[PDB]
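Protein chains in written order, with my numbering: chain A, 35 to 498; chain B, 35 to 498.
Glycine is no exception: its CB is placed at the ideal position from the N, C-alpha and C atoms.
There are 2 protein chains.
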Amino acid sequence: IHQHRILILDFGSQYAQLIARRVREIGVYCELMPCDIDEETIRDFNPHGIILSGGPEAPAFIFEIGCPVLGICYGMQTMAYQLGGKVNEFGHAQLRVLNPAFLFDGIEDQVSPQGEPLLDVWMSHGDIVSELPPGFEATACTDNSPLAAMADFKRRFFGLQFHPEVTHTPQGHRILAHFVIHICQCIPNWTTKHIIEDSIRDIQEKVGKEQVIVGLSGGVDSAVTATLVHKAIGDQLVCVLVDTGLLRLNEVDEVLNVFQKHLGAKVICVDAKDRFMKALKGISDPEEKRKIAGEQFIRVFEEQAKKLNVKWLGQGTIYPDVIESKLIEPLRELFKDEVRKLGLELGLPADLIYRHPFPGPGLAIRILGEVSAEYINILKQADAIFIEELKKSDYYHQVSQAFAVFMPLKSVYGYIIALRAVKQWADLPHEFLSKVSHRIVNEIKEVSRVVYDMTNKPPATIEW
Amino acid sequence: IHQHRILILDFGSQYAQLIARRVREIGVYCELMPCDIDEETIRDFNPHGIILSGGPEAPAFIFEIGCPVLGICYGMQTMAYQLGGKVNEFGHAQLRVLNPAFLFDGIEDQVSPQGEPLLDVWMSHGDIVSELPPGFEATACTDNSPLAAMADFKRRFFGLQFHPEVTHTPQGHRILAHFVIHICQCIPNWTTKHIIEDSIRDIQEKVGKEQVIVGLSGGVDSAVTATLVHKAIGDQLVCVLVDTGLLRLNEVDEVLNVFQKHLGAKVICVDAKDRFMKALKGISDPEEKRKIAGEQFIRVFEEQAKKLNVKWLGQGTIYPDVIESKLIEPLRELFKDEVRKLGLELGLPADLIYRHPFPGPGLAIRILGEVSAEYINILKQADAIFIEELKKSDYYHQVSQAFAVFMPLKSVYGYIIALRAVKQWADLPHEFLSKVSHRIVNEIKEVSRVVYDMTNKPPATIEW
């Protein structure tokens with residue numbers, strides 16, 4: 035496995051990760067490297083094909099290497115500049131195909147009165163190409179853009195002025211599948227079952243007969259590491275679960291049911307609850323909260339291990355956190371979709387797999403001021419109530435994330451709770467919200483009044 | 035004028051006031067006293083009839099006076115208990131009338147398969163009466179209550195197990211009108227025109243040729259007081275408008291336009307802004323904030339006057355203010371309904387009359403922490419934007435009250451703004467709220483994020 039692979043160069047752009055994800059969905063391995071990376075890397079990666087992406091809001095020698103190249107938006111611009119030819123805002127556009135090529139064979143959204151194939155696409159209007167380089171030809175155009183797609187054919191270089199990754203070009207996934215499977219000639223073996231097997235073999239070859247600790251604390255990625263490791267080395271896995279005090283009401287219990295009661299597993303419970311409240315005893319700065327919690331986390335995991343004489347630590351590091359810039363990281367090449375797909379296949383329960391993300395520092399965010407315990411206990415209840423409804427009204431999975439935050443401000447007196455749910459804040463029904471607010475204030479004394487965040491992904495962050 | 039009058043005894047109950055208001059709408063004066071008030075008062079008030087309200091969530095000798103007496107809910111119970119007879123949850127209930135009497139003559143919601151009159155009423159299921167007193171006969175029943183209404187006729191005592199004041203007994207106002215107009219034999223002379231004339235005369239009688247200071251700061255109550263005085267004594271009126279710094283963005287301008295520019299009127303403007311900020315420099319406690327404002331407000335008014343040599347101060351005190359327990363107070367027997375009706379007839383512009391209530395201490399509340407000036411200037415911007423929309427979307431007059439509040443906390447970093455809108459928090463559309471919030475965070479820098487209060491009148495207080 036791994037032997038068929040696509041290199042994606044990142045020129046910025048939200049959608050770089052997502053080119054990669056679409057490629058993994060097609061069934062082929064790929065890595066996402068920044069464009070400032072050097073030849074050697076790229077040479078030693080020796081890809082079947084390269085995809086240039088991006089531009090937010092020069093790559094060099096990759097046209098010498100034998101493989102095919104696909105430039106997306108800005109990727110098309112520099113592909114133009116760096117070969118011959120001249121060069122110089124996002125929306126839907128109706129693209130018209132001239133030469134259905136290799137990259138567009140089939141692939142039609144409409145046919146048009148004149149009998150020409152048309153694609154609905156999400157254009158990047160600013161990444162314009164004025165004149166074609168030598169060897170290229172117009173393979174697609176739009177009313178406002180004479181050359182919205184390029185193609186060499188002899189060198190197998192291709193350009194698009196739109197984003198095929200995004201759902202707003204419906205047939206985009208087929209276009210990418212045509213590049214990867216047909217033009218780059220990759221056979222799909224990046225499967226899930228094949229990932230599970232490759233990963234078990236890796237864990238076995240690296241760890242041998244000696245023990246591994248995995249922190250159950252941490253949601254889907256941890257659960258997947260623990261089970262993945264468990265399957266690889268059985269009794270050698272020793273699970274540790276630290277109650278930092280910063281976890282959701284029933285997390286400790288829910289986790290123990292899965293790993294201890296079901297499926298055997300040695301699980302060590304560490305208290306750490308008093309430890310974490312000290313160390314955060316002052317500390318209002320939310321950036322210093324994140325440091326202290328997390329430092330104190332790795333410390334606890336080092337103490338356990340420098341105690342059970344364990345040399346290896348298993349972490350749930352995934353690929354997105356890798357690309358943001360003695361351990362065993364089984365998921366470090368995987369995106370979140372994939373971890374979820376592995377999770378189901380490994381035998382974890384659905385409700386754990388598709389649970390809302392939970393931050394690393396946990397509830398140490400979600401309290402605005404100093405974190406205290408007096409405060410976590412009352413936050414735990416409002417949050418519990420909030421997600422209990424949602425579950426009872428099947429609204430839970432219609433939102434991407436949902437939680438309560440605690441403001442230590444007080445009103446007519448008692449503290450204020452803020453509710454956060456997004457999808458782009460979620461348009462939940464009045465009467466339902468009322469029932470959630472009504473309950474939080476009534477059941478939890480020492481509160482009075484709850485509020486709902488109405489601020490979107492662009493202007494404000496999801497977490498406070 | 036005042037020559038016909040109803041006494042209302044208050045035994046607790048949201049709807050005590052409201053009986054009063056209904057009686058006032060019918061055109062008859064009335065006062066609201068607590069049930070524990072003494073004989074003498076009552077004698078001195080010399081009513082033409084009495085209404086007993088009450089029961090939240092034993093008056094004595096009132097039955098000795100020749101005047102009629104109506105008991106609502108608990109009022110019916112105590113009336114029963116204090117005469118002969120025995121006694122012992124609120125909802126809709128279909129009342130069947132036996133004997134249309136004087137109190138139900140006409141007044142039918144539905145007839146009935148047996149040809150008998152039926153009323154939709156809003157029962158108090160708990161204030162039951164087991165056995166009629168001497169002189170009384172059952173005058174109405176429901177499936178669950180054999181005697182939901184009582185009547186003496188000889189003594190003109192009447193009881194109801196339901197609330198006629200409330201909108202959920204649609205015919206209730208007619209029943210009250212029948213008591214006040216027909217049984218108590220009163221004449222509806224409490225008209226707004228007569229109140230204006232009696233009030234102008236009362237001012238003239240009291241103040242004669244000497245001058246009066248009226249504060250223009252204070253919305254509808256102030257405005258009406260000032261116009262009323264202006265009509266009474268012309269150039270003798272001297273208006274004072276103090277800008278405390280706790281007033282809304284354009285309030286100074288709007289009042290000056292109506293009083294200084296339109297309709298002559300001597301208006302003195304006082305700066306007071308530095309003064310109020312000093313007074314409230316520390317002081318987080320919102321009970322103290324309320325106290326320091328108001329104190330400082332009265333002080334400012336005494337200094338003017340003890341300077342212009344004026345001996346009379348006019349105020350917008352209204353009857354609800356009097357109820358909760360050298361000056362001229364013309365509005366002190368009126369409810370808000372009536373003050374608004376007056377202002378309109380007196381020539382004040384509609385948009386001032388039906389303006390949302392603004393609190394006495396103003397923007398001193400609505401900043402949670404210590405009021406700073408740096409914080410009011412942020413809040414003024416937030417508030418302004420909020421109501422500008424609403425005006426634009428015609429949602430302003432579909433809510434009873436709307437305002438912003440400033441929380442000095444900060445999130446991912448700038449301060450947080452809560453928005454409050456009620457009528458029972460306002461079910462405004464997702465599209466519209468999003469517009470407001472986007473605008474508050476983009477236009478006011480140093481904000482970031484904004485929330486919305488989802489808490490009702492029963493659990494949380496309207497204002498913070």
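Residue interval of the beta strand (DSSP E) (run including residue i)
i, result
"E379/B", "No beta strand (DSSP E) holds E379/B; the alpha helix (DSSP H) holding it covers 370-379."
"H126/B", "124-131"
"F331/A", "Not the beta strand (DSSP E): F331/A falls in the alpha helix (DSSP H), residues 320-337."
"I451/A", "448-456"
"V484/B", "484-487"
Assigned exposure category for residue i - 16 Cβ within 10 Å defines buried
i, result
"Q219/B", "exposed"
"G396/B", "buried"
"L250/B", "buried"
"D72/B", "exposed"
"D44/B", "buried"
"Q349/A", "buried"
"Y108/A", "buried"
"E74/B", "exposed"
"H216/B", "exposed"
"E199/A", "buried"
"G298/A", "exposed"
"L361/B", "exposed"
Distance CB(residue i)-CB(residue j) smaller than 8 Å
i, j, result
"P90/B", "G46/B", "yes"
"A266/A", "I234/A", "yes"
"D255/B", "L365/B", "yes"
"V214/B", "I42/B", "no"
"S179/B", "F124/B", "no"
"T495/A", "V470/B", "no"
"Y49/B", "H207/B", "no"
"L66/A", "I357/A", "yes"
"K425/B", "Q458/B", "no"
"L402/A", "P442/A", "yes"
"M488/B", "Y115/A", "no"
"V276/A", "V263/A", "no"
Straight-line gap, residue i to residue j (C-alpha atoms, nearest Å)
i, j, result
"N476/A", "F335/B", "43 Å"
"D461/B", "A452/A", "18 Å"
"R55/B", "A384/A", "59 Å"
"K315/B", "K323/B", "10 Å"
"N133/B", "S87/B", "23 Å"
"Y430/A", "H472/A", "19 Å"
"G140/A", "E285/A", "50 Å"
"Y409/B", "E367/A", "49 Å"
"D428/A", "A436/A", "13 Å"
"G160/B", "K479/B", "56 Å"
"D287/A", "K307/A", "16 Å"
"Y449/A", "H464/A", "22 Å"
"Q148/A", "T176/A", "15 Å"
"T173/A", "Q432/A", "40 Å"
"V248/A", "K188/A", "51 Å"
"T201/B", "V155/B", "9 Å"
"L290/B", "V301/B", "8 Å"
Residues of its chain near residue i, where Cβ-Cβ distance is below 6 Å and the 5 sequence neighbours each way are ignored
i, result
"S434/A", "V456, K457"
"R400/A", "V439"
"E142/A", "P151"
"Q338/B", "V274"
"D232/A", "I35"
First and last residue of the uninterrupted alpha helix (DSSP H) at residue i
i, result
"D308/B", "307-313"
"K444/B", "Taken as a continuous stretch (DSSP letters only), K444/B belongs to no alpha helix (DSSP H), being part of the beta strand (DSSP E) at 435-445."
Same chain only: Cβ atoms within 7 Å of residue i, ignoring 5 sequence neighbours per side
i, result
"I474/A", "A416, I419, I451, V481, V484"
"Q330/A", "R309, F310, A313"
"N122/A", "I162, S164"
"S468/B", "none"
Within chain E, partners of residue i - CB distance below 8 Å
i, result
"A494/A", "No chain E appears in the structure shown, which is made up of the protein chains A and B."
Cutoff 8 Å; reference residue i; Cβ partners in own chain excluding five residues on either side
i, result
"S146/B", "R130, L152"
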